[PDB]
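What follows is a set of notes on a single structure, which appears directly below.
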Amino acid sequence: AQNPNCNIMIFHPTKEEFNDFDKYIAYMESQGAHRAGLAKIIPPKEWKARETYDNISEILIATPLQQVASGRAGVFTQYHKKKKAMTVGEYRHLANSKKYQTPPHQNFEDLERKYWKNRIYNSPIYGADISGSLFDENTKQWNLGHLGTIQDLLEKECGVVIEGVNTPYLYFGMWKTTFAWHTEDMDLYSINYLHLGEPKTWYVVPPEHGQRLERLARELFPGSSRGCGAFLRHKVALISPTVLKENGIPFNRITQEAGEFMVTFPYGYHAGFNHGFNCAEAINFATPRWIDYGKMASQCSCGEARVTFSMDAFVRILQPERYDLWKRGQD
Ligand SMILES: O=C(O)CNC(=O)C(=O)O
Ligand SMILES: [Mg+2]
Ligand code: NI
Ligand SMILES: [Zn+2]
């Protein structure tokens, strides 16, 4: 078995290997990359996402989210308070202000220590989940707005034609902005490109050990667990690496820098934080190996998780028994 310790793997494709996205994903899996839950892909030196980022300041963040924490430093939840709209230029200035800017630090490890020590005492503002793309239309390789769609994959594998669309999302971050422990909708893959700015640190649990994380989360968040049998679908809970180590949960960590791709694999729980002002783009995707994970994915039916139009069909076709109850949650 390849990669039996489930380490995060880093890949350096050539320009020729960068042509066929599906084929390269399948290559990475042949080397065991999926066992970690997360892989890094450094694009060939000839490649670029677009020519410059000089003209992005007028993009609107219609609903910036203030991420307010509750709990203890290593075990907390966050809720998202909606703020007034602002442009990317206005948000960048805010991220760079004395109130919100990255503190002085020695290296990524020192900054990680400061994040876990101090996150809860601040409420950074995240421009998340903004439909759109910063890939130039002429970028033909690994252009996250030109991938094969999940609906077309399901049709190719299973023969059933379904409604729905699949488009990318932009994330504008600042110091301490945080993504809670989750897997993707329907335990899909994700791909994330860091277009610009400061780094993003990731934590990941191997898919084969995901239920260990879930059992810890039920212990650490006991009211949430009674409220919903899949409450990590709410995307609100944080657990630090120190707490994970104390409870014997297998995980790995890595820092993504500007110009790099990350791929999360089906049922790979991940969480993380931004180091400072940045912009990422991400989308879900599927391969043939996903189908079995989609059929087994947990679902939130309590009403909290509320998701896209396009998840309807996936539930309806892959999980017909769950469909009725899940749809009641969505309505
Ligand atoms: O970058 C973020 O805030 C969160 N992104 C993801 O969870 C992802 O790409 O799967
Ligand atoms: Mg603009
Ligand atoms: Ni994700
Ligand atoms: Zn729920």
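Within each chain, counting starts at residue 1; across the structure tokens, chains are named A, B, ... in the order shown, with ligands numbered 1 upward in that order.
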Determine, using only C-alpha atoms, which residues of stretch 107-138 of chain A have any atom at most 10 Å from an atom of stretch 63-67 of chain A, and tabulate each with its shortest atom pair and distance in Å to one decimal place, rows ordered by chain and then rising number, as JSON lines.
```
{"residue": "A:120", "atom": "CA", "partner": "A:67", "partner_atom": "CA", "distance": 9.5}
{"residue": "A:122", "atom": "CA", "partner": "A:67", "partner_atom": "CA", "distance": 8.5}
{"residue": "A:123", "atom": "CA", "partner": "A:67", "partner_atom": "CA", "distance": 5.2}
{"residue": "A:124", "atom": "CA", "partner": "A:66", "partner_atom": "CA", "distance": 5.7}
{"residue": "A:125", "atom": "CA", "partner": "A:66", "partner_atom": "CA", "distance": 4.2}
{"residue": "A:126", "atom": "CA", "partner": "A:65", "partner_atom": "CA", "distance": 5.2}
{"residue": "A:127", "atom": "CA", "partner": "A:64", "partner_atom": "CA", "distance": 4.8}
{"residue": "A:128", "atom": "CA", "partner": "A:64", "partner_atom": "CA", "distance": 7.2}
{"residue": "A:129", "atom": "CA", "partner": "A:63", "partner_atom": "CA", "distance": 9.4}
{"residue": "A:130", "atom": "CA", "partner": "A:63", "partner_atom": "CA", "distance": 8.9}
```
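The protein and nucleic acid residues lying at most 8 Å from residue A:153 are residues 286, 287 and 288 of chain A, with only C-alpha atoms considered and sequence neighbours fewer than 6 positions away removed.
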Which of stretch 5-196 of chain A end up as strand (DSSP E or B) when DSSP is run on this backbone - answer as a PyMOL selection string? chain A and resi 9-11+38-41+60-61+65-72+75-82+86-87+125-131+169-173+178-182+189-196
Keeping only N, CA and C atoms, write those residues as a short mmCIF file (atom, residue, chain, number, x, y, z; two decimals), in the first residue's frame.
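The new file again.cif reads:
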```cif
data_model
loop_
_atom_site.label_atom_id
_atom_site.label_comp_id
_atom_site.auth_asym_id
_atom_site.auth_seq_id
_atom_site.Cartn_x
_atom_site.Cartn_y
_atom_site.Cartn_z
N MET A 9 1.54 14.63 0.86
CA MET A 9 2.48 14.60 -0.24
C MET A 9 2.46 15.88 -1.02
N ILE A 10 3.62 16.28 -1.59
CA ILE A 10 3.79 17.45 -2.39
C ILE A 10 4.22 17.06 -3.73
N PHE A 11 3.61 17.59 -4.78
CA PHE A 11 3.83 17.24 -6.17
C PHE A 11 4.31 18.42 -6.94
N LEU A 38 -5.21 15.30 2.08
CA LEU A 38 -4.76 16.62 1.59
C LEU A 38 -3.46 16.43 0.81
N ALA A 39 -3.28 17.09 -0.32
CA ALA A 39 -2.01 17.09 -1.06
C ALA A 39 -1.75 18.52 -1.52
N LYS A 40 -0.47 18.88 -1.68
CA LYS A 40 -0.03 20.14 -2.27
C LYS A 40 0.48 19.91 -3.68
N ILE A 41 0.10 20.77 -4.59
CA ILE A 41 0.56 20.75 -6.00
C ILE A 41 1.19 22.11 -6.33
N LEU A 60 -16.72 43.19 -5.10
CA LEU A 60 -17.54 43.40 -3.90
C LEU A 60 -17.62 42.15 -3.07
N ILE A 61 -17.38 42.33 -1.77
CA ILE A 61 -17.70 41.39 -0.75
C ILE A 61 -19.06 41.84 -0.16
N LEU A 65 -18.04 38.42 6.82
CA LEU A 65 -18.50 37.68 8.02
C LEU A 65 -17.47 37.91 9.15
N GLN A 66 -17.96 38.38 10.31
CA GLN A 66 -17.12 38.58 11.51
C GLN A 66 -17.17 37.29 12.27
N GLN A 67 -16.04 36.64 12.52
CA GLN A 67 -16.00 35.30 13.09
C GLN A 67 -15.76 35.42 14.59
N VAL A 68 -16.83 35.32 15.35
CA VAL A 68 -16.83 35.51 16.80
C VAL A 68 -16.68 34.16 17.49
N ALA A 69 -15.72 33.98 18.37
CA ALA A 69 -15.45 32.69 19.02
C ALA A 69 -16.02 32.58 20.42
N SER A 70 -16.33 31.35 20.79
CA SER A 70 -16.78 31.02 22.18
C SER A 70 -16.12 29.76 22.62
N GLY A 71 -15.66 29.67 23.86
CA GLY A 71 -15.07 28.43 24.36
C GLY A 71 -13.73 28.68 25.00
N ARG A 72 -12.80 27.77 24.85
CA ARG A 72 -11.43 27.87 25.35
C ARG A 72 -10.49 27.87 24.14
N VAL A 75 -10.38 24.66 22.13
CA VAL A 75 -11.69 24.01 21.83
C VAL A 75 -12.72 25.06 21.82
N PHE A 76 -13.14 25.52 20.64
CA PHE A 76 -14.07 26.63 20.54
C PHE A 76 -14.98 26.47 19.35
N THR A 77 -16.07 27.20 19.38
CA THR A 77 -16.92 27.37 18.18
C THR A 77 -16.83 28.78 17.70
N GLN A 78 -17.26 29.02 16.47
CA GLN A 78 -17.35 30.35 15.92
C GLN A 78 -18.71 30.60 15.26
N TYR A 79 -19.23 31.80 15.44
CA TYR A 79 -20.41 32.13 14.69
C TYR A 79 -20.13 33.28 13.77
N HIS A 80 -20.83 33.45 12.69
CA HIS A 80 -20.55 34.40 11.68
C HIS A 80 -21.55 35.49 11.75
N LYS A 81 -21.13 36.68 12.17
CA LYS A 81 -21.94 37.87 12.22
C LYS A 81 -21.83 38.63 10.92
N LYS A 82 -22.95 38.90 10.23
CA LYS A 82 -22.91 39.58 8.97
C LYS A 82 -22.59 41.06 9.12
N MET A 86 -18.42 45.63 1.54
CA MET A 86 -17.26 46.42 1.25
C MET A 86 -16.50 45.85 0.03
N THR A 87 -15.76 46.69 -0.65
CA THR A 87 -14.97 46.27 -1.78
C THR A 87 -13.73 45.50 -1.28
N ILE A 125 -12.54 39.37 10.27
CA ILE A 125 -13.64 39.48 9.25
C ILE A 125 -13.17 38.76 8.01
N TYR A 126 -14.01 37.80 7.53
CA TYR A 126 -13.68 36.86 6.39
C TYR A 126 -14.66 37.21 5.19
N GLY A 127 -14.14 37.44 3.98
CA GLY A 127 -14.93 37.49 2.78
C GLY A 127 -14.94 36.18 2.14
N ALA A 128 -15.84 35.36 2.58
CA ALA A 128 -15.92 33.96 2.13
C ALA A 128 -17.01 33.70 1.23
N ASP A 129 -16.88 32.64 0.43
CA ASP A 129 -17.93 32.08 -0.35
C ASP A 129 -18.57 33.03 -1.40
N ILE A 130 -17.72 33.69 -2.14
CA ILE A 130 -18.12 34.72 -3.13
C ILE A 130 -18.08 34.05 -4.52
N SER A 131 -19.20 33.84 -5.21
CA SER A 131 -19.17 33.18 -6.49
C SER A 131 -18.35 34.02 -7.45
N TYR A 169 -15.61 29.54 -6.03
CA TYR A 169 -15.83 30.53 -5.01
C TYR A 169 -14.50 31.17 -4.59
N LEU A 170 -14.59 32.47 -4.39
CA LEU A 170 -13.45 33.29 -3.89
C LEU A 170 -13.57 33.49 -2.39
N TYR A 171 -12.40 33.52 -1.76
CA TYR A 171 -12.23 33.74 -0.32
C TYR A 171 -11.21 34.81 -0.12
N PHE A 172 -11.61 35.92 0.51
CA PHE A 172 -10.65 36.98 0.88
C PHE A 172 -10.48 36.88 2.38
N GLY A 173 -9.24 36.66 2.83
CA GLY A 173 -8.91 36.40 4.26
C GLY A 173 -8.03 37.47 4.86
N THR A 178 -10.56 31.89 9.94
CA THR A 178 -10.56 30.50 10.32
C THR A 178 -11.57 29.66 9.58
N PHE A 179 -11.13 28.50 9.10
CA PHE A 179 -12.06 27.50 8.55
C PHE A 179 -12.15 26.34 9.54
N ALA A 180 -13.39 26.05 10.00
CA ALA A 180 -13.66 25.06 10.95
C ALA A 180 -13.52 23.64 10.40
N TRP A 181 -13.43 22.66 11.31
CA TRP A 181 -13.31 21.25 10.93
C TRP A 181 -14.47 20.79 10.10
N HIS A 182 -14.21 20.27 8.90
CA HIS A 182 -15.29 19.79 8.02
C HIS A 182 -14.70 18.86 6.99
N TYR A 189 -14.32 15.92 -3.37
CA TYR A 189 -12.97 16.55 -3.33
C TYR A 189 -13.15 18.04 -3.30
N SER A 190 -12.10 18.75 -2.86
CA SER A 190 -11.99 20.17 -3.19
C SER A 190 -10.64 20.50 -3.74
N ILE A 191 -10.54 21.55 -4.52
CA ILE A 191 -9.25 22.11 -4.93
C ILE A 191 -9.24 23.58 -4.61
N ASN A 192 -8.13 24.07 -4.11
CA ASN A 192 -8.00 25.44 -3.61
C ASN A 192 -6.70 26.00 -4.13
N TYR A 193 -6.79 27.14 -4.81
CA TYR A 193 -5.64 27.87 -5.31
C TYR A 193 -5.47 29.16 -4.56
N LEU A 194 -4.28 29.40 -3.96
CA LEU A 194 -3.98 30.63 -3.24
C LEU A 194 -3.45 31.64 -4.27
N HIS A 195 -4.30 32.55 -4.72
CA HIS A 195 -3.94 33.51 -5.79
C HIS A 195 -2.89 34.51 -5.32
N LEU A 196 -3.02 35.01 -4.12
CA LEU A 196 -2.17 36.11 -3.71
C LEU A 196 -2.16 36.21 -2.23
#
```
Please check which protein, DNA or RNA residues sit within 8 Å of ligand 2, counting only C-alpha atoms and all ligand atoms, and write them as an MDAnalysis selection string. chainID A and resid 55:59 88
Pull N, CA, C and O atoms from the residues just selected and write them as a CSV table (one decimal), in the first residue's frame.
```csv
chain,number,residue,atom,x,y,z
A,55,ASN,N,-5.8,44.7,-10.7
A,55,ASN,CA,-7.1,45.3,-10.9
A,55,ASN,C,-8.3,44.6,-10.2
A,55,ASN,O,-9.4,44.7,-10.7
A,56,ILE,N,-8.0,44.1,-9.0
A,56,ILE,CA,-9.1,43.3,-8.3
A,56,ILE,C,-9.8,44.1,-7.2
A,56,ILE,O,-10.7,43.6,-6.6
A,57,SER,N,-9.4,45.4,-7.0
A,57,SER,CA,-9.9,46.1,-5.8
A,57,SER,C,-11.4,46.4,-5.8
A,57,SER,O,-12.0,46.8,-4.8
A,58,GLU,N,-12.0,46.4,-7.0
A,58,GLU,CA,-13.4,46.7,-7.1
A,58,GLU,C,-14.4,45.6,-7.0
A,58,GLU,O,-15.6,45.7,-7.0
A,59,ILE,N,-13.9,44.3,-6.9
A,59,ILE,CA,-14.7,43.2,-6.5
A,59,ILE,C,-15.5,43.5,-5.2
A,59,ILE,O,-14.9,44.1,-4.3
A,88,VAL,N,-13.1,44.8,-2.2
A,88,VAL,CA,-11.8,44.1,-1.9
A,88,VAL,C,-10.8,45.2,-1.5
A,88,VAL,O,-10.0,44.9,-0.5
```
Cut-off 12 Å, only C-alpha atoms and all ligand atoms, neighbours of ligand 4 as a ChimeraX atom specification: /A:223-236,298-307,325-326,328-330
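In this comparison, which uses only C-alpha atoms and all ligand atoms, the residue of A:274, A:296, A:315, A:265 approaching ligand 3 most closely is A:265.
Of note, atom CA of residue A:208 and atom CA of residue A:320 are spaced 25.0 Å apart.
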Spatial neighbours of residue A:246, 12 Å, only C-alpha atoms, chain gap at least 5 places, as a PDB file with C-alpha atoms, in the first residue's frame:
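Wrote around_21.pdb, looks like this:
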```pdb
ATOM      1  CA  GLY A  74      -7.961  24.952  22.015  1.00  0.00           C
ATOM      2  CA  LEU A 216     -13.755  13.356  19.796  1.00  0.00           C
ATOM      3  CA  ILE A 239     -10.029  21.785  17.926  1.00  0.00           C
ATOM      4  CA  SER A 240      -6.290  22.668  18.240  1.00  0.00           C
ATOM      5  CA  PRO A 241      -3.362  20.442  17.333  1.00  0.00           C
ATOM      6  CA  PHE A 251      -3.507  14.369  11.776  1.00  0.00           C
TER       7      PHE A 251
END
```
For residue A:133, list every protein, DNA or RNA residue within 10 Å, evaluated using only C-alpha atoms, and leave out those in the same chain fewer than 5 positions away; present the list as a list in words. residues 143, 144, 145, 167, 168, 169, 170, 280, 281 and 282 of chain A
Those residues you just picked out, can you put them in a file as a PDB file, in the first residue's frame with C-alpha atoms?
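Heads up, here's the output in again_27.pdb:
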```
ATOM      1  CA  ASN A 143      -8.290  26.631 -14.435  1.00  0.00           C
ATOM      2  CA  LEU A 144     -10.794  26.103 -11.619  1.00  0.00           C
ATOM      3  CA  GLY A 145     -13.565  27.726 -13.664  1.00  0.00           C
ATOM      4  CA  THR A 167     -18.894  27.016 -10.057  1.00  0.00           C
ATOM      5  CA  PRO A 168     -15.935  28.343  -8.083  1.00  0.00           C
ATOM      6  CA  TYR A 169     -15.826  30.534  -5.012  1.00  0.00           C
ATOM      7  CA  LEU A 170     -13.446  33.286  -3.892  1.00  0.00           C
ATOM      8  CA  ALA A 280      -8.014  31.982  -2.516  1.00  0.00           C
ATOM      9  CA  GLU A 281     -10.286  30.312  -5.054  1.00  0.00           C
ATOM     10  CA  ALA A 282     -11.800  26.872  -4.535  1.00  0.00           C
TER      11      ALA A 282
END
```
If you run DSSP on the backbone here, which positions in stretch 160-249 of chain A get helix (DSSP H, G or I)? Please write them as a ChimeraX atom specification. /A:185-187,207-220,222-227,231-234,241-246
Just how far from atom CA of residue A:210 is atom CA of residue A:249, in Å to one decimal?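 So the two atoms, atom CA of residue A:249 and atom CA of residue A:210, lie 9.2 Å apart.
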Residue A:46 environment, 10 Å, only C-alpha atoms, sequence neighbours closer than 2 positions dropped, as a PyMOL selection string: chain A and resi 14-15+43-44+48
Mind writing the picked residues with N, CA and C atoms as an mmCIF file, in the first residue's frame?
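File out_37.cif, as written:
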```
data_model
loop_
_atom_site.group_PDB
_atom_site.id
_atom_site.type_symbol
_atom_site.label_atom_id
_atom_site.label_comp_id
_atom_site.auth_asym_id
_atom_site.auth_seq_id
_atom_site.Cartn_x
_atom_site.Cartn_y
_atom_site.Cartn_z
ATOM 1 N N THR A 14 5.412 18.577 -14.292
ATOM 2 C CA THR A 14 5.928 19.327 -15.396
ATOM 3 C C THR A 14 4.784 19.985 -16.154
ATOM 4 N N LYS A 15 5.116 20.914 -17.083
ATOM 5 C CA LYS A 15 4.096 21.544 -17.938
ATOM 6 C C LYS A 15 3.347 20.489 -18.755
ATOM 7 N N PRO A 43 2.601 24.321 -9.189
ATOM 8 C CA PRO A 43 2.507 24.338 -10.640
ATOM 9 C C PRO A 43 3.878 24.476 -11.278
ATOM 10 N N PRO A 44 3.950 23.979 -12.539
ATOM 11 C CA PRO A 44 5.244 24.244 -13.263
ATOM 12 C C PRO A 44 5.546 25.711 -13.345
ATOM 13 N N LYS A 48 0.954 30.288 -15.207
ATOM 14 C CA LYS A 48 0.414 31.380 -14.410
ATOM 15 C C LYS A 48 -1.118 31.383 -14.423
#
```
Return the single residue from A:31, A:243, A:198, A:262 that is closest to residue A:92, with distances computed using only C-alpha atoms. A:198
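Considering the residues A:91, A:202, A:27, A:135 and counting only C-alpha atoms and all ligand atoms, ligand 1 has its shortest atom-to-atom contact with A:202.
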Nearest to ligand 3: which of A:270, A:322, A:327, A:119 is it, counting only C-alpha atoms and all ligand atoms?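 Of A:270, A:322, A:327, A:119, the one nearest ligand 3, counting only C-alpha atoms and all ligand atoms, is A:270.
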